[PDB]
Amino acid sequence: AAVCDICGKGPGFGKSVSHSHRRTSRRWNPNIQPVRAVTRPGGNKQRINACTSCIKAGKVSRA
Amino acid sequence: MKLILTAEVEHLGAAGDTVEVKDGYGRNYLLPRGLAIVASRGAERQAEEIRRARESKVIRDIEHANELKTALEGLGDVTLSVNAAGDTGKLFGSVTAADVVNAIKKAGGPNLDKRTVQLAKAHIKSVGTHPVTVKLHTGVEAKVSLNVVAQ
RNA sequence: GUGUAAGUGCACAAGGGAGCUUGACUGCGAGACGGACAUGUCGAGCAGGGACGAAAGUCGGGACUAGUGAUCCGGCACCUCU
RNA sequence: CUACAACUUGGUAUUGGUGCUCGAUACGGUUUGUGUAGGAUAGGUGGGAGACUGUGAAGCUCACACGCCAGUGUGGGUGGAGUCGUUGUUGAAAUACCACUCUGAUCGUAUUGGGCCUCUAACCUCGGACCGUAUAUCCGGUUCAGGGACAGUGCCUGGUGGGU
RNA sequence: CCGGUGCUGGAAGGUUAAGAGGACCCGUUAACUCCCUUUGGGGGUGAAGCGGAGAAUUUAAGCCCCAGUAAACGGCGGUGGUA
RNA sequence: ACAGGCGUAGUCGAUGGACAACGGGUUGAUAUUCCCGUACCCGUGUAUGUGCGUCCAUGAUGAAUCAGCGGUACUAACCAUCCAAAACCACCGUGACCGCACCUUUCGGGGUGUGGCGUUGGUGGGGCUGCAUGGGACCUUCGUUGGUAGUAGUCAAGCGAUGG
RNA sequence: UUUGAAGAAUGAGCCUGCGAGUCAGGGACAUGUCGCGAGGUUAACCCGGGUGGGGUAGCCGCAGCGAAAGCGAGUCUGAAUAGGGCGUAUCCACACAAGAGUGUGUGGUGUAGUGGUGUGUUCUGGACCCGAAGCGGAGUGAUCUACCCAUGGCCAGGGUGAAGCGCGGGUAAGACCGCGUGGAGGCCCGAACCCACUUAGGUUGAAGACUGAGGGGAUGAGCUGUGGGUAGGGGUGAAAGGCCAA
RNA sequence: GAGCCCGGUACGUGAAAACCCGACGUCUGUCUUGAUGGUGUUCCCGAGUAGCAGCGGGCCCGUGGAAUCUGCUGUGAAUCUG
RNA sequence: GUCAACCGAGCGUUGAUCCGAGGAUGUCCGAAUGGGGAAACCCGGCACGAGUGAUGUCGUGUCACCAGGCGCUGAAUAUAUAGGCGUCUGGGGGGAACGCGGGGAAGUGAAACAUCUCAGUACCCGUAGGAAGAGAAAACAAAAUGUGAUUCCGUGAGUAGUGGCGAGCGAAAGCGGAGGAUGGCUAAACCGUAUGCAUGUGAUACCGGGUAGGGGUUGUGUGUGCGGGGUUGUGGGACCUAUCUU
């Protein structure tokens, strides 16, 4: 739920900064949604994980 | 998300209209179900929309029509012209469901779509005469003889 | 008796009263006191512009010594700086 | 003291349709305007010497509204040929007519969001049934049956937080 | 004994984040409007665009608030006289 | 995120299940192992008969069909039914709201709605009929009986499971 | 090491080996010595089997004051020639004003730095040497011990006598009471087995936790073999901060 | 304690075969169905990208007036007077 | 051969022992790969041989998983997909340092400590190469008619700055050098062609002129592939249109 099967997005790593400026490690996870990909318009759906960026760009077809 | 309607959808428009709609609507309801196409290029989409609207209304079938189509499929053979080498007897290109459908419509008369013709089961990647089964309905089927003539 | 603790002072008054007024200033300051350093204290006098006084003159807060907080960071106003 | 895990709140993305229901601005309009000199509840204004009329006015019987119960606007029937102009007032003329219009209540055209009832296609099911499959309570696929644009999960955000 | 601290239940108000909203103000300059000198510089207004800070209106839980709870953590007082 | 975490099909894992040897003697050292006597358990080949079969033939006569009956049987529907699908009505209760009744705060307010509806809703009623439910049972399908050839199948030694 | 130790304060049994201010950098300051000297010098790099030759990019000195614009032997503050601050290497002569400490002018004298390198301190480095309890990263461990899972094994001997059932009494049936069979139990006494309450010995031991006498349980929440599992801020814990290879 | 005893040094010589560097050709591809210089307009010049916003990373720069580079979530443009 | 000799035996001028280069053999474990496993030891299948009267037995091959091609097949299910087959090529593991991209502490200094430092260090992960990374301006610069890809040294500089402005941290422009390739190729707009999906007023349309024939370079679209076309900042290139032309 952090690596897209199409674009290979990865979770960015960073430091959460508090009011007292205490740096604590954390990650920025991609918005990766479960999608039923229809590779061929015939209509056999396969289950994959695709980032919300790839859905918007139309890289996966839900037919 | 701008898309061109193919059929008529209530509260949205009629065929040929270009509408902008929420991307959730087009991706999950209209485009997958074939009720519209993406509005990307006027020369293509308008011509494609016209062809789609006529094709859907002209390829429809009912239970009574399926029985009538079953009898109408009793005509003679249908010939296919394909590019091939006469020395071997095997085809260069591959016969596609549109090629079979376009052959029957222009010669026989019945109007069918690619969705029903069973082609891979007959293994017609050769030269000769092969029988092709056509499923017009869940219970009703039909058989059409196919003769293939090489280039 | 001296606004206020104690001491040093003050009757020549620094104590009591009256009239005017804002020096409870600006730019400086020879020479010093005291100090590890950082602070702290006195300063005659010069210039500008004033107050009281006829004038000489006095006035850069209060009889004196306590009533206060370095630096960093930031606020406000002015400047002929970048 | 300062943080973090975990739990929790809301916004947004994945996330869609029809309905009511509002709230804002834009549009096609009406409505209302209690200084006095008065035909009198004086819009300021530009066109202003002529407009509404029988595709049916003055005058009455009623409906509804606001009401400062001073009266207006309006629907119908009735009626039938007028109300009207500098008409003299007044800084300001006509309720003769035309153009945007504001103090303010209204409806239909747009947009925007808010709340609510719904629907199925996103999404979910450790619910059933078939297939891969000889063996499989795994897994995936087709289909049926239920939820359903909620929940889950990203990003932003307020809480609780000796649990570390 | 339900005041304290928890837990459970209820929001009519008050406070309250992000996200929505962008009134007003400022930076810049098209165009002007004044000028002062003699081989171009000094004051004011300043539309549109692009920006900087941004207010009013909105908004959830929580907390403030009202009840119940002690086989919940807990509490179960002093002084004077008086046959 | 990467590293890796689980796990299906299988494949390992005795401390367990299944499986056929006992007594005597001998060397300087081994013996249920060697030797002596007598057994047991898996396979292979040869030969001898017994000994049933496949073709051949025996038994192979006899099973399937054509139809009828008689109702499984979607279909339409009926006998219709468990519940009350859904609305109906009312009583109670009161969503808001409207004057007012009450508690009222000492008296007034003010809220509530003890009121009007109505519906936060609840409770009950009967029908509307629905829900699902079969059957009786119709085509269909099949069982039985009546023929259709003791005629077409079948069928016979022996092995026989990875399956029950 | 102490105000003070022969000290009854610390250390050393003896001998022989070994064992503690070093190095890097064009670093900083100071001080010697050498080269050049209003100049000194190269770094990187190139050419030479070398230690030699080239290399002007830079650095230091050569003018200061001021926040800065800027000005310049002056400059800043300031309304000020009006004082002050910093500066004009220093010295000498002469004049002019003061004797609130000397000042201003003219003239002469003229300004010394920079490259190696020796030494002392110092900067960044472990920086004179030796020494913790503990902190983080990655791994190894349940063959000892705690708990659990699968499958086996063991518990001499002797007592007490539950329920049930039967007989008799009892009754209307009961309740219940006596006598027979039966043999239950986190039951009893007691060896194997498992523990560890008291005492004595051991205490440079036989043993880094034992021995001798007595002692508790000993058919159960029992003891034990085999194979397996749980791992460090974690496990396990009939709970003591115990156990996780003395 | 060796230039003159030995192995060697100075200086020369040595490759059948394998490998490595070159070099000359077979071979491969390309230009010649082609180039040079001139005039006035429409089309093209890398898209879920650039830009903006929220939270971070990193740059001398510790969020500061915070530019340029970059990660995740949203929003999301122009094709040269760009 | 050797510690390392002693015995017994032999080879060598017909060239031994030795040294170099290429071959053959190379048991078993190990990525270990037929299955299994407690690494180096158990059990096999298939084909071809060898061997017994036949089972037993012995050799030579071959049999793992995954990825990618290729051909057949296409479940529930209809198109078809998953999947199943057969076959060819690849991976997997090791290595001292150097590279690149990720994750990333604590002791320590701050005379405490959280911001900060230690440090993007130690360690971990994924990956190549003989080197890697970077590289041909959406760059610097500052009005000079300047530089002209990247990388690596020396300076700039412990400066500008940054910092609980604390401890500390710390550039770039420019200038001097090493190397020479200020190197190359694409995508778009246009054409031609091959297609796949559509359709067709299926005709007056598709090619430059004219003559005529025709009814498909489909009439029109579109997407994909392939050949020309173009690679530029004084903007370049496509279309258009003038002059010469090996």
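A few comments on the model shown:
- From the options A:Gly58, A:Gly14, A:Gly10, A:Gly43, residue that is more than 8 Å from RNA strand H (Cβ to nearest atom), without any contact (Cβ under 8 Å) to a residue 24 or more places away in the chain and out of contact with any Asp or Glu (no Cβ under 6 Å at 6 or more places or on another chain): A:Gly43
- Residue in region A:37-46 that is within 27 Å of B:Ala39 (Cα to Cα), of a type in the set (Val, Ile, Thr) and within 9 Å of RNA strand I (Cβ to nearest atom) present: yes
- Picking from residues in region A:7-36 that are away from chain B (no Cβ under 12 Å), hydrophobic (A, V, I, L, M, F, W, C) and under 30 Å from B:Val38 (Cα atoms), the one that is farthest from RNA strand D (Cβ to nearest atom) is A:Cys7.
- Scanning region B:4-51 for residues being over 25 Å from A:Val60 (Cβ atoms) and not basic (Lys, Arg) gives a total of 13.
- Once region A:37-61 is narrowed to residues that are of a type in the set (D, E, K, R) and touching a helix residue (DSSP H, G or I) at 6+ places or on another chain (Cβ under 9 Å), the residue that is nearest to the other protein chains (Cβ to nearest Cβ) is A:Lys56.
- Among the residues of region B:116-140, just one is loosely packed, with under 11 Cβ neighbours inside 10 Å and either among the hydroxyl-bearing types (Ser, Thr, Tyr) or closer than 25 Å to B:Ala53 by Cβ (or both), namely B:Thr138.
- Residue within region B:90-99 that is loosely packed, with under 11 Cβ neighbours inside 10 Å and either under 15 Å from the mean Cα position of the chain (by Cα) or assigned to a loop (DSSP other than H, G, I, E, B) (or both) present: yes
- Every test in (1) near RNA strand D (Cβ under 10 Å from one of its atoms); (2) touching a helix residue (DSSP H, G or I) at 6+ places or on another chain (Cβ under 6 Å) is passed by B:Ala36 save one, and that test is (1).
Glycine gets a Cβ as well: all are built from the backbone with ideal geometry, and neighbour counts include every protein chain shown. We did not get these values from a lab; they are worked out from the coordinates using the rules stated.
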